[PDB]
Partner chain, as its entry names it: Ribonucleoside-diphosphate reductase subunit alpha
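Take a look at this single chain, the form deposited without the partner chain, given in structure tokens.
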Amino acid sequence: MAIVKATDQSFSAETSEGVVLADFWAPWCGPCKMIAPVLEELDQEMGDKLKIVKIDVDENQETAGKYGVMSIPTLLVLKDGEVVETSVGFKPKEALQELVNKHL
């Protein structure tokens, strides 16, 4: 549908409504921009079955620290308010949609 944005202020509310993938990112990191169209493919293919939330590590430094994240791109998967998976680096579409469909 459309990808969401959050910070420490609201990431906890956003992750507490369904299956929610998150992308801990920063714009100076090449791989964060390389995985962006792959996340848009997931938003087209599954972005109603799950939510996708962009979250920037400079802005949510505390919240990323809540999961020991201080490196990017770092994907998280949360479900009804709790983390259930974490992954780091770029991924191709097929692997990412396989990873997602396993936790729908």
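Positions refer to the first chain, counted from 1.
There is another form of this protein, the form deposited with the partner chain bound, and it is not shown here; the text below is about that form.
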Quiz item: According to a 4.5 angstroms non-hydrogen atom cut-off, is residue 69 in contact with the partner chain in the entry with it bound?
Solution: yes
Self-check item: the partner chain contact at residue 58 in the entry with it bound, heavy atom, 4.5 Å
Solution: yes
Practice problem: Examine residue 53 and determine whether its closest non-hydrogen atom to the partner chain in the entry with it bound is within 4.5 angstroms. | Solution: no
Exercise. Although the partner chain is absent from this view, report whether residue 77 comes within 4.5 Å of it in the entry with it bound, heavy atoms only.
Key: no
Quiz prompt | Contacts with the partner chain in the entry with it bound - residues in 21-38 whose heavy atoms fall within 4.5 Å | solution = 28
